[PDB]
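Each remark here refers to the structure printed beneath this line.
Basis for what follows: all heavy atoms, side chains included, without hydrogens, waters or symmetry-related copies. Remember, it's 1-based here, ligands and their atoms both numbered in the order they're listed. Note on naming: letters A, B, ... go to the chains in the order of the sequence lines (proteins, then strands), and numbering restarts at 1 for each one.
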Amino acid sequence: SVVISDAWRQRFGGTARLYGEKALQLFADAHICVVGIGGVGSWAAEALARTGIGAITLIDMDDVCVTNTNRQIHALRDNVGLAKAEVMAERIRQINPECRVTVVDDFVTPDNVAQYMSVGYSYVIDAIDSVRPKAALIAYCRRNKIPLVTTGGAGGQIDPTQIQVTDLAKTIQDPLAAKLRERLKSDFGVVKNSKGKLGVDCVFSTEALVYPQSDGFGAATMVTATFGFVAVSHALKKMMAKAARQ
Amino acid sequence: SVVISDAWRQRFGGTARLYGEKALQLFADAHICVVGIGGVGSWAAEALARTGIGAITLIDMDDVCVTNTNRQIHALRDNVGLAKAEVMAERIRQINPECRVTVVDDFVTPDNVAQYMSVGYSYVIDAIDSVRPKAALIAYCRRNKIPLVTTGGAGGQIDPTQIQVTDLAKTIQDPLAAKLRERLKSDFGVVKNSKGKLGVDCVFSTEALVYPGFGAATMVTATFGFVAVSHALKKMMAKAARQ
Ligand SMILES: Nc1ncnc2c1ncn2[C@@H]1O[C@H](COP(=O)(O)O)[C@@H](O)[C@H]1O
Ligand SMILES: Nc1ncnc2c1ncn2[C@@H]1O[C@H](COP(=O)(O)O)[C@@H](O)[C@H]1O
Ligand SMILES: [K+]
Ligand SMILES: [K+]
Ligand code: NA
């Protein structure tokens, strides 16, 4: 449990006024895991910190690169070469000194996913950009009823107003989600039920993909960050709904 | 014109692969003004910097407050008490050391708007949260054909997926936009044309307001800023393509 300080109420008074006092405590007591701290995940982590989430785990083994500058909140001249997750953790500690931040300097694999998820998270935000670990994470959380929201590919898109949430089985214009569905089926026996759903919530966009315009898909902050923000809003909404139901 | 360095191409290669080389050059050559560096404007400024916009002016006179923490990108423990616009300017120089960043430590008034807009901006992003200077800024840019995107109320809302852009005359569920229309009409003679349009593009949300001095969330206020920036870039690219 987290005791909400007077400082915490100064930082997050606007949160309490928007979501309610019960939600402020719910968020303070929550532990959310963000897997992948890149074009989508770095903004998700920022949003969690700024909405009074009391414990955040960040999982990534990558370093900050100069080419991250177009789409990642931690990508600053002075951060290049440092571990992404550690850089983001330090920022979170500046946002909320009372937030409990854990860094896992690793990638999720079929072999370690149970270990890393054994912490008992309130929610998992899957912002992984490669299919093999993404499938392992999703299959595990789905099997174990761990609340999860995943994100499709956020590159090759310029319009943030077309971003929305649907079941993973129903995404369009998203090659990553399409590969992911194939891998879930072939490697984990995850297939859609009678209603044509996989039972996995996925942030995606109706926008037709914009192919590389210069000599891999490009990306923009305005879209990749909004993927991350929509994932966070979705998660908090589901957490509040569950709490109201119990 | 701006000569794009090797360093610039490394930072914004992803931008070039999304929008094209001509647009990369267009952005590098652009000068965009953000008025109000708060819950909406700070994220707009961030987005401009990370999309290779070559010159950015920031206008705000307020300081970073601890109560900004829920919704403003510059609100960090070590920044509290410093001028928002200078903090954001310093951050932009960390994003792109070659960006030409100007800080105007002031608020826009009917009396100073001409001076501050005479610079010749490629686009103005209006992220002011109070009606009187907001109307004055919009009236001036509209009269002078200065490209402008304005933002409605972003507080009291939890759903980023209902944010959109339309003409200011057609917004709904937005008390700030409604007040703004009234003040524009009464004080500046700005009224709807034959097609029912004011000729002002407005970012707003269809979401019904949530009453508790509204609360706010980063996920929504930042997305207002991002949508404003994407809208401006879309219009800039279209104009360049016409010509
Ligand atoms: N298996 C994994 N576990 C954790 N993070 C990952 C994994 N695979 C990829 N990521 C991260 O996801 C991010 C993708 O960002 P982007 O380049 O914007 O697609 C990068 O920071 C990667 O290091
Ligand atoms: N007349 C004005 N000119 C420039 N900036 C302003 C003006 N009025 C308000 N602002 C700023 O707009 C921001 C609004 O942010 P928020 O508190 O999230 O609504 C604050 O940083 C204000 O200081
Ligand atoms: K899409
Ligand atoms: K609204
Ligand atoms: Na939308």
Side-chain angles (χ1 to χ4, degrees), chain A residues 14 151-160 162-164 166 171-178 202-210 217 223 227, chain B residues 33-45 57-65 67-75 83-85 87-88 103-113 116-117 124-138 151-160 162-164 171-178 202-210 213-218 220-222 224-225:
Chain A
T151 48
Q157 293 161 105
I158 64 171
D159 181 4
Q162 288 189 64
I163 300 169
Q164 48 203 69
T166 197
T171 66
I172 57 163
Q173 290 285 337
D174 196 328
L176 175 61
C202 185
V203 185
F204 83 109
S205 170
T206 50
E207 182 184 353
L209 289 188
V210 178
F217 291 100
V223 168
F227 268 71
Chain B
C33 185
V34 185
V35 189
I37 314 301
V40 173
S42 65
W43 307 94
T57 291
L58 307 178
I59 308 188
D60 206 323
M61 204 181 150
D62 276 3
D63 294 330
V64 178
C65 297
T67 62
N68 300 160
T69 299
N70 68 322
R71 69 199 188 278
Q72 309 188 17
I73 195 173
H74 51 60
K84 290 180 179 184
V87 170
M88 200 65 212
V103 169
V104 175
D105 179 29
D106 205 358
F107 295 126
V108 175
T109 72
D111 292 328
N112 64 25
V113 61
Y116 288 142
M117 295 298 113
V124 179
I125 298 180
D126 158 35
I128 302 167
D129 65 352
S130 62
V131 184
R132 281 177 181 81
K134 199 168 182 72
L137 175 63
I138 292 169
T151 51
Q157 296 164 106
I158 66 172
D159 183 8
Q162 288 189 63
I163 300 168
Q164 49 204 274
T171 64
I172 59 164
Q173 296 288 345
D174 192 329
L176 175 58
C202 183
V203 183
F204 83 108
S205 171
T206 50
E207 181 182 352
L209 290 189
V210 179
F214 291 101
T218 291
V220 171
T221 70
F224 270 72

Contact between B:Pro133 and B:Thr109 at the side-chain level, heavy atoms closer than 4.5 Å - yes or no?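 B:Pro133 does not reach B:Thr109 side chain to side chain.
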Item to complete: May I ask you to check if any N/O/S atom from A:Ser205 comes under 3.4 Å of the K ion (ligand 3)?
Response: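 Under 3.4 Å: A:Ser205 contacts the K ion (ligand 3) through an N, O or S atom.
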Please find out if the K ion (ligand 3) and some N, O or S atom of A:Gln173 are separated by less than 3.4 Å.
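Coordinating: yes.
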Quick one: [atom1] on [X] to [atom2] on [Y], what's the gap to the nearest 0.5 Å?
| X | Y | atom1 | atom2 | value |
| --- | --- | --- | --- | --- |
| B:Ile59 | B:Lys84 | CD1 | NZ | 14.5 Å |
| B:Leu58 | B:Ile125 | CG | CD1 | 10.5 Å |
| B:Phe224 | B:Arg71 | CZ | CZ | 13.5 Å |
| B:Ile37 | B:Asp62 | CD1 | CG | 10.5 Å |
| B:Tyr116 | B:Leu137 | OH | CG | 12.5 Å |

Close-contact set for ligand 2 against [X] heavy atoms, below 4.0 Å:
| X | answer |
| --- | --- |
| B:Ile59 | 4 (C), 5 (N) |
| B:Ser130 | 8 (N) |
| B:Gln72 | 17 (O), 18 (O) |
| B:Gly38 | 13 (C), 15 (O), 18 (O), 21 (O) |
| B:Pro133 | 1 (N) |
| B:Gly36 | 5 (N), 11 (C), 12 (O) |
| B:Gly39 | 15 (O), 16 (P), 18 (O) |

Can you tell me which residue and heavy atom of the protein come closest to [atom], and the distance to 0.1 Å?
| atom | value |
| --- | --- |
| atom 8 (N) of ligand 2 | B:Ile128 CG2, 3.5 Å |
| atom 3 (N) of ligand 2 | B:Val108 N, 2.9 Å |
| atom 11 (C) of ligand 2 | B:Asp60 OD2, 3.4 Å |

Is there a donor-acceptor contact under 3.5 Å from the side chain of [X] to the main chain of [Y]?
| X | Y | answer |
| --- | --- | --- |
| A:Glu207 | A:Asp159 | yes |
| B:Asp60 | B:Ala85 | no |
| B:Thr151 | B:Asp126 | yes |
| B:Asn70 | B:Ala216 | yes |
| B:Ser42 | B:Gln72 | no |

ask   = For B:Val40 and ligand 2, does the shortest N/O to N/O distance drop below 3.5 Å?
value =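 There is no such contact.
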- Query: Any N or O on B:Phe107 sitting closer than 3.5 Å to an N or O of ligand 2?
  - Reply: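 In this structure, B:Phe107 places no N or O atom under 3.5 Å from an N or O of ligand 2.
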(Q) Given B:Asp129, B:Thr221, B:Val131, identify the one with the heavy atom nearest to atom 9 (C) of ligand 2. (A)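 Considering heavy atoms of B:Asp129, B:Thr221, B:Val131, the nearest to atom 9 (C) of ligand 2 sits in B:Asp129.
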*asked:* Would you say B:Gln162 and B:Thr206 are linked by a side-chain donor-acceptor pair, where the criterion is simply a distance under 3.5 Å?
replied: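 B:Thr206 vs B:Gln162: donor-acceptor pair found between side chains.
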Kindly give the atom name of the N, O or S atom of A:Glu207 closest to the K ion (ligand 3).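 Considering only N, O and S atoms, A:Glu207 comes nearest to the K ion (ligand 3) through O.
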* To do: Answer side chain, backbone, both or neither: which part of B:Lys84 comes under 4.0 Å from ligand 2, heavy atoms only.
  =>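 Contact part for B:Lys84 vs ligand 2: side chain (C-beta onward).
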Between B:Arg71 and ligand 2, which residue portion shows a heavy-atom distance shorter than 4.0 Å: side chain, backbone, both, or neither?
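Under 4.0 Å from ligand 2, B:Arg71 contributes side-chain atoms alone.
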Would you say B:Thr206 reaches the K ion (ligand 4) with an N/O/S atom under 3.4 Å?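 B:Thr206 does not place any N, O or S atom closer than 3.4 Å to the K ion (ligand 4).
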